[PDB]
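Okay, structure first, notes after.
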Amino acid sequence: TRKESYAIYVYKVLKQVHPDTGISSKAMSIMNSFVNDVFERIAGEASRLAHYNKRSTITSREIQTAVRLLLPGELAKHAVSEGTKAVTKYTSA
Amino acid sequence: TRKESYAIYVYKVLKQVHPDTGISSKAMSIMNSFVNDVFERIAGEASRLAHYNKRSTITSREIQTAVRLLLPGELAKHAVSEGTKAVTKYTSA
Amino acid sequence: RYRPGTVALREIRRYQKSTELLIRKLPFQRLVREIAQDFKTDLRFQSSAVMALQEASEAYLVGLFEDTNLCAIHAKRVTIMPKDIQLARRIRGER
Amino acid sequence: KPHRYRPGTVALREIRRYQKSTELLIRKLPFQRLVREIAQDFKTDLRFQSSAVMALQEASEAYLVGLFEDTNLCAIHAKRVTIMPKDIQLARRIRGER
Amino acid sequence: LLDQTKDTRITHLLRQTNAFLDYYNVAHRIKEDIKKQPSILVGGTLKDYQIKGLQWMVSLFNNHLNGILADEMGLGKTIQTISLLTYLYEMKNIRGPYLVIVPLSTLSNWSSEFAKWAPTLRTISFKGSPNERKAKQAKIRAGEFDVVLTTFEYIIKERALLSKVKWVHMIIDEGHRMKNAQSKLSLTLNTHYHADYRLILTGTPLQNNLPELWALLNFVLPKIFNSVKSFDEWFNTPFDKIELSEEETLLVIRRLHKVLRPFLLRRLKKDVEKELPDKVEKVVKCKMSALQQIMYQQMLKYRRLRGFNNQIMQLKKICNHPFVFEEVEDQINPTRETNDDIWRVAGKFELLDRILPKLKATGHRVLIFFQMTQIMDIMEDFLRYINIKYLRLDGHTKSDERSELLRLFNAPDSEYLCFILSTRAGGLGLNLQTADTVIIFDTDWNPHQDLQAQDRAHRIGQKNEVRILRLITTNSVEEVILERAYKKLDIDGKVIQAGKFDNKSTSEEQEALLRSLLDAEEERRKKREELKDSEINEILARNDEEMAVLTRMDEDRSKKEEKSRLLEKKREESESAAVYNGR
Amino acid sequence: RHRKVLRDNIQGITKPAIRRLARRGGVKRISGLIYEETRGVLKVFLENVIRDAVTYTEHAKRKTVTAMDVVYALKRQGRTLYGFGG
Amino acid sequence: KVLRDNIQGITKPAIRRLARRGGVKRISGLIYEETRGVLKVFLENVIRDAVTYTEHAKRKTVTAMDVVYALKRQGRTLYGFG
Amino acid sequence: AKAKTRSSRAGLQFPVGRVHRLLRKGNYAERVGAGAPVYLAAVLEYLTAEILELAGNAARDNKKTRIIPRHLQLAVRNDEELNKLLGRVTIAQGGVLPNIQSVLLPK
Amino acid sequence: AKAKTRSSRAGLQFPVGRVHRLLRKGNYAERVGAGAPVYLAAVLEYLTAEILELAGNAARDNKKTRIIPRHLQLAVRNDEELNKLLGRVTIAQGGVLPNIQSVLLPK
DNA sequence: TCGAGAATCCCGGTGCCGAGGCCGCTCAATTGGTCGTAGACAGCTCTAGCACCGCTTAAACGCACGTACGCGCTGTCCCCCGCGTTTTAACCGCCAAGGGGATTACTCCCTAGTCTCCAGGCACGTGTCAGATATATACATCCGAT
DNA sequence: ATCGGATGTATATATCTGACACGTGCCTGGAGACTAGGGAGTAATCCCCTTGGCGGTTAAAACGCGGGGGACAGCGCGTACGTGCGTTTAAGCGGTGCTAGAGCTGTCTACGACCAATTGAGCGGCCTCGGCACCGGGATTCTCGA
């Protein structure tokens, strides 16, 4: 039985922002549970959107909207810019 | 395009409790939206239960539990008794 | 002339009775649209929607003034004050 | 004439002490005995992972704390510096916790 | 005395009237007397007193002043106002707008009267959703009219349109609706702007408290309501007594309407046709049933132990409402079934159990009246329990329902002997000439509703007597109200005297009526300060032959033993009666 | 196609009205300064809600804000409203 | 197993400490009961929901995940335990 | 081959069929047990019975034959456990419970 | 026939594959669009970048090389929009922001 | 106001254990293919929202007037904070022993998926009646004066 | 003190009108019926983790207490806020009229589901050295009587 987590991923990101900084185990468990949380929220919003408009399929456009609901203030603008760029490069390659 | 509702059902129940009482249209729209609400809650709980225990299938037993979470106080005991009786008679016939 | 403060205690017993909407339509609508312009422009509202915003609004401020009143009474004053409200919105965590 | 601080100063040292560190402020064994004692009512003969008990403690302390914050806001609003049962009761009333 | 003040008002009152353009001289200053009904009025001719009343109304606004007409029901008031109008259209060359107002049901009668008599004139009516009034309203806004006919309602609803337009003359009917200036209409008519001249009717002017003369009279001229408390002169004065309310009112009866002779008018049927054959005026006493005695006599403590005295506390006591709360009925029966002591508890029900059967043998069609609707319940259940053919009419009986109830009852062969009512509840206008027996119930605030109940029956065409038993129980609060409305009967009788010297504008008559009622007060005051089948058959006997069939009813019920009135022990019915009477 | 500029409509909420709301709440004696405080609070609240509603709308590519839009916005913010449909 | 008055285990020193962390300056002597009341209530709710989840899963043990789902249920989201 | 409705088989007033559809088409799980839609419809029936009962009573105590939102408001809020359940619900046209703090009263 | 990972194709640090699995196996809809798992992983990456950045800074300002929960607490709460977002979150071992009401101070 | 003493920080040393870096290595990634269908998109209709007018009219507002309350002070009283010494009860370390989970392979039947086949629920209708408002009759309350 | 005027209040009226109820017709979503199989259920074996018992160490809770600073209650005052009346204006409503845009429908078609094969990344074991706890010791500073 292998549990899963984002620990490795988080850690990579850390070494991208602060190459020198260790992250204690517990303080990883947080960031883990965090990411799972934000994921459950954003997904949940994608669902209860696609349900209303009677689409059957979560697409990007929903996820965009859902983000624009949950993330307050500037996290909206930045995050949206991020994802937009990401999918862009994705299709373009 | 035919919308649906519980209006007829609600109305029957009314005539079971108070044979004489009319129910104004708006005051029906409430009870409608209400029932849809409680439904979404109880279902939602059934889901996020069956997800944890790694069952793939909502069954009665879950719905029972979910009710025991949402309904406060005595509404628990009464409601549970209700459903129990209902399914009982159902299978037995 | 009545003892000041009595006419109020008639008003309360009046308004806590009935259900009617306490804000003039046209002003409130003009308000809502005015706010709406910022986010997107050239929008349509179903009348019933505007009705909704009003409903939630009044039904919010009301509870607000209830709780605020609890605070002012806690202060041994009978008169609510801006600092009272600010306390309320602080306790609930609305801002 | 032994030396003594102005009463109310030692506190203002304590606050600056505790708002610093993270440690858990309730003795384990008492708190555990409490939790189990409550648990008996609902079902009997239960097992707790230690980490779970740790959770209940975490949420508990992390709740009472916020409670005392807000309460303190009330007492200050009353031009008293001392929180009082009616203050808390006001708090739990405003939030709608009961 | 105040007569000279009245004279200074002879000058100045009519000064204000000059602004709005004895008293008798100066009130009649313009006399134009035409002794025939006009030309354009068609379909017959009015009676002497009728054309003289016409002529009278003419004389009113010849001098250009408003007024009132007190005439008794069924004396032709309708056709009178018709004639007055018509005369104003033709002989006065006025034409122009005329604002007439009625109660709804009567408006049919009115329309008919404009169909027969004056087809010459436009009569605008109103009814039937805003639709009909779109056409009709915009039709009037064009300036199209002769007569504009409507009810109380559409004065309020159309008050915009109607108020907005100029008018000539204003005809109110049933005018005692004006009784309280607080009534919406009374003030709306001032918000209504004005027709040039306003005019009123009544069956009966009303309570001796006399804001009524205030409300009406004041509403007759703005002068008058400016004069309200100069009425409070003799309205305070008239309202010892020989040297106070009599030696003064040996005139002041006059002197009030000796002033008001000219612009107020009246008549009586006994004066004009006097063809009313007869009817009898009787009362009875009854006993308070012991059950309705026990804790209910004590309801002074139940006043705190629950609603309100006069009705739910009081009138329940009076046999009127046995077990309306019904837990008393439960103390008798849960199943609400037929047995004794449920109906026996009341003088009404049991009493009828005694008296009615005799009538069932003598087949005299009975009338029954109430105020509180609900008595009619146990009344039915009682009648069915006796298996009696009866009819009731509630307040929920619709107009055409009413016509049916009438014609069925008024069918010549109708075998329903008793007919149930609640007086004011359905009273309106009605005619029952087929019923020979009237019986009255309970309090009936003010008599005038009782006079309604009576006018329902003895109206011309009723060829029997009319027996009347006002049903009262001994040692009962109903006696208080009864006597109260009885003193009302007195002083409003004095008011009738007002309508008398004022009625015929004669002298030996007016003094005959003076001495009349001033003697009546003496007699009545002097009188102020069991079932006995024989007695009952006596008060039921219009001949010794009724003493024959009624006493063969007493041959049987001689030998036969009649389910009596008193309910006498049942403890926990007492203590539990204290429970529910306290609950 | 009017040129649409709305300003100071927040004045449309009037001391009489706010006073009424206070009454319904059970307030006895207002303080004169509240009348601005309330306009502040209200304006905020509707900013949030109208925000979410508009967002739902644009997502559905509609030029209109239906009531259902609102009810979903309130439901989003944790204030559940009944009577307007769902 | 009979446990009684363990709620005394929460002690005036401790509650006093919590108060301090909150930023309370001067306590009133009566609070010490009030708090025990509040706390006892709160844990009643949470332990309730947790136990319910457990029995539903037919386990004799209450895992931490049970709790975290209970708190999440009551609208208090906890991190760090999974 | 004559069809009887499930809502009848359990003797319920709510359309057990319609429920069993909503569970599936709502993606609340992979598979829907058979007893569930029943057991749910029962609960709904019970609750709606509760509300409508109370609002009926209060409505009668206003001497009205026809239930209107105000009646629902008073029915809920006056009761406890419902208020516990609906606490964040807002009922349009709802009004407020009559309430005044004591100290506001004159003395 | 040489495989490249999607997380690379967009240049992301989060496992776009794993996301695209969780959406399906979580029953968040009937069907999962292709752009979605990407667009989501991007957002997560951004946020985690935010938190870890701030906690890194504060941790350095405590003269520590290794981030511990306290650092996360202070990073969140001190910032605004995060606090707005996490407001009901409780971080074990979190402690509290240093705070004292002014009037408590002696004068 | 300086002076003393307790509080607290700093630095340097010490000792440890977990953050983290690798190593196999199973399996969940990714490629690479069809295929059935969600949903895009013209494309059409009509409806519900916008604009504007003119109208009663019930509010909103401005205002002067007075007094109830917010408040600043004060002084009385006392209940809580700052520090003893006492007592214990948590803590930590240690152990054993066993239940309760977890895993594992096995059977089987409840749900999904289709396929017909109706009657239950929905949409439009034209009606009656419940609320609405004005009226009739008393008395009782209340309150803000006398 | 009365007491007057405005407010409820118990039964009853008269009507007005729009909104609810019963309905007739119609359509498709639900029921009946059958089949496949996979999720679910249940023995069976294993062992990791909870619980109990222990004997110590001491930090921390309990208890006492003198004293002091806060609570709290009084209160004189002056002033902003209730009330209300007279004047104004903008809301409410009914009307007209237009049309942007909601809402539905028929094809489409890209495209996501499914599957089989391929394969590398991501996760369990497994070390290690250094970041960090911790201690003691002087440096500083911060409170509290002058």
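Here is how the numbers come out for the structure above:
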quantity	calculated
Rough spin-label spacing in nm, given labels placed 7 Å along Cα→Cβ, for E:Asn387 and E:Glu572	3.7
Relative contact order, percent, region I:1-78 [alpha-carbon distance under 8 Å, six or more residues apart]	22
Folded to 0 to 90 degrees: helix I:35-61 orientation relative to chain I principal axis, Cα	30
Cβ-Cβ FRET estimate between I:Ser102 and H:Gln101, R0 fixed at 45 Å, reported to 0.05	0.90
Cβ-derived FRET efficiency at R0 25 Å, E:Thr106 paired with E:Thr45, nearest 0.05	0.60
Selected from E:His448, E:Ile386, E:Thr397, residue furthest toward positive end of dipole (region E:377-491; charges at beta carbon)	E:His448
Rg/Rh ratio calculated on Cα atoms of the protein assembly as shown (Kirkwood radius)	1.09
Percent of alpha-carbon pairs separated by more than 16 Å within region E:165-207	40
Top positive-direction residue, dipole computed over the protein assembly as shown with Cβ charges, set E:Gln80, E:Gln462, E:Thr191	E:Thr191
Relative contact order (percent, whole number), chain B, Cα cutoff 8 Å, 6+ residue spacing	18
Taking the C-alpha atoms of chain F, convex hull volume expressed per residue in Å³	139
Computed E for E:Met91/C:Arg24 - FRET, C-beta separation, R0 60 angstrom, nearest 0.05	0.60
Cβ-based net charge around E:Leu265, under 13 Å, with every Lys or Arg adding one and every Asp or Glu removing one	+3
Rounded to whole Å, sorted largest first: equivalent-ellipsoid semi-axes of region E:35-112, Cα gyration tensor	18, 15, 14
Cα-based helix-to-principal-axis angle, D:85-95 vs chain D, degrees rounded to 10	60
Three semi-axes of the equivalent ellipsoid, region E:96-170, Cα gyration tensor, whole Å, largest first	18, 15, 12
Computed Rg/Rh of region B:40-93, alpha carbon atoms with Kirkwood Rh	1.01
Chain H, Cα convex hull volume normalised per residue, Å³	167
Whole-Hz ³J(HN,Hα) from phi, Karplus 6.51 cos²θ - 1.76 cosθ + 1.60, for region C:46-51, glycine and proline x	5, 3, 4, 5, 3, 3
Given charges at beta-carbon only (K, R positive; D, E negative), |dipole| of the protein assembly as shown in Debye	9780
At 7 Å out from Cα toward Cβ: I:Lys84 inter-copy label distances (nm, ascending)	3.6
Of E:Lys35/E:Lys279; D:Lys20/G:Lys25; E:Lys184/E:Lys398; E:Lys317/E:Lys569; E:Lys348/H:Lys63, those spanning more than 23 Å from alpha-carbon to alpha-carbon	E:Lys35/E:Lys279; E:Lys184/E:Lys398; E:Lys348/H:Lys63
Tail fraction, Cα-Cα pairs, chain E, threshold 33 Å, whole percent	53
Mean-position separation - Cα centroids, region D:33-60 and region E:490-505, in angstrom	96
Of A:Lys54/H:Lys64; E:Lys52/E:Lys157; F:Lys75/I:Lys84; E:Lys36/E:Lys258; E:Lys127/E:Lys500, those spanning more than 30 Å from alpha-carbon to alpha-carbon	A:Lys54/H:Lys64; E:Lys52/E:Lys157; E:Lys127/E:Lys500
Choice from G:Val51, G:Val38, G:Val24 showing the highest fluctuation, given a GNM over chain G with Cα pairs closer than 10 Å	G:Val24
Between 0 and 90°, nearest 10: helix B:25-52 axis offset from chain B longest Cα axis	0
Neighbour net charge for A:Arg55 - beta-carbon separation under 11 angstrom, K R +1, D E -1	+1
Radius 11 Å from Cβ of C:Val32, net charge of other residues (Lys, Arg +1; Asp, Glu -1)	+2
In Hz, Karplus ³J(HN,Hα) per residue of region D:25-35 (6.51, -1.76, 1.60; θ = phi - 60°; x = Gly, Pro)	9, 10, 4, 4, 3, x, 4, 5, 3, 4, 4
For chain I, size of Cβ-based charge dipole, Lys and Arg +1, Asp and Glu -1, in debye	560
Distance histogram in 5 Å bins (all Cα pairs of chain A, percent per bin)	3, 11, 16, 17, 20, 18, 10, 4, 1, 0
Contact order normalised by residue count of region D:51-98, Cα under 8 Å, 6+ apart, percent	28
Reference-scaled alpha-carbon Rg (2.2 N^0.38 Å with N residues) for region D:9-98	1.36
Shortest-first distances to equivalent copies, position H:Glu30, nm, label 7 Å out along Cβ	1.9
Cβ-placed point charges (K, R +1; D, E -1), dipole of chain F about Cα centre in debye, nearest 20	320
Sequence-distant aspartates and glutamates (8 or more away, or on other chains) whose Cα lies within less than 20 Å of C:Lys40	A:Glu62, A:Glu74, F:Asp8, F:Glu47, F:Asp52, F:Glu58, F:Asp69
Charge dipole (region D:7-98, unit charges on Cβ, about Cα centre) - positive-most of D:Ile26, D:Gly96, D:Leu12	D:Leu12
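Read-outs throughout are calculated quantities, based only on the coordinates presented, and are distinct from any laboratory measurement. Heads up, the Cβs are rebuilt from the backbone with ideal geometry, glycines too, and the neighbour counts pull from every protein chain shown.
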